[PDB]
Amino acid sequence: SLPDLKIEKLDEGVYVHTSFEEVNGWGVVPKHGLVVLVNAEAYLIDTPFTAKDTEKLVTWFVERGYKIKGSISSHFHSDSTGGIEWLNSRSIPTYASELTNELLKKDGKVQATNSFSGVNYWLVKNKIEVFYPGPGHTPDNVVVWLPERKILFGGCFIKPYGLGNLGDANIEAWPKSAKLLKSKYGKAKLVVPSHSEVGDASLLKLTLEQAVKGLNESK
């Protein structure tokens, strides 16, 4: 059977949640997201694959005295949005970019209740920032920046050992978007990818290199 949901401290007021799903043609896929604590309030950065793991994640932090103020999804794939329907049914505010919500809608999936558009957005002013580097892994991928800890959640945009599933990717744009990502957050202390281990700012370098190499290889 599949591994249980994992919750691990990464830094002060910052936890990594890891959930697991069997995906056809991929085998068992790990997915990392974060839980960010601001005072006594918690923010989900990406939901687990399932409502079950989302519920478990929420209860773990609620049982420890944290109010769940919201979740934000970094792109539309279920690995980031799987728990939105369950969160909505609990009246926990869900966030996604306008484009992410359009893509959820187009696929007949439940949308987040709050949307944002533009290159930058503060989910929490001075604490949790959202940034759109451009198309890459998907047209809508965004990253999440924690300035106080210098932690960058790169999600499925960060792909140091190969680009992974290209079904919705924009291979033409990814090098440019990754370049933009590298400049803005080159000083990242920690970078958290969706499907591999936490690294440092070099993960931005490797992603850029992998993207460049993928576009060339496609020609």
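C-alpha atoms forming the largest set that superposes within 1.5 Å between two forms make up the rigid core. Numbering starts at 1 and runs along the sequence shown.
Where the structures in 8 other deposited structures of this protein are fitted on the rigid core, 17 to 25 is the one of 17 to 25 and 196 to 204 whose C-alphas sit farther from the shown form on average. Here the rigid core sets the fit, and in 8 other deposited structures of this protein the C-alphas of 26 to 34 stray farther than those of the other stretch, out of 26 to 34 and 182 to 190. Stretches 46 to 54 and 170 to 178 differ in mean CA B factor, with 170 to 178 having the higher one.
The stretch with the higher mean CA B factor, choosing between 85 to 93 and 145 to 153, is 145 to 153. When all modelled residues of the chain are sorted by CA temperature factor, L163 is found within the highest third. Ranked by C-alpha B-factor against the other modelled residues of its chain, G65 falls in the highest third. Sort the chain's modelled residues by C-alpha temperature factor and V36 lands in the lowest third, per the entry.
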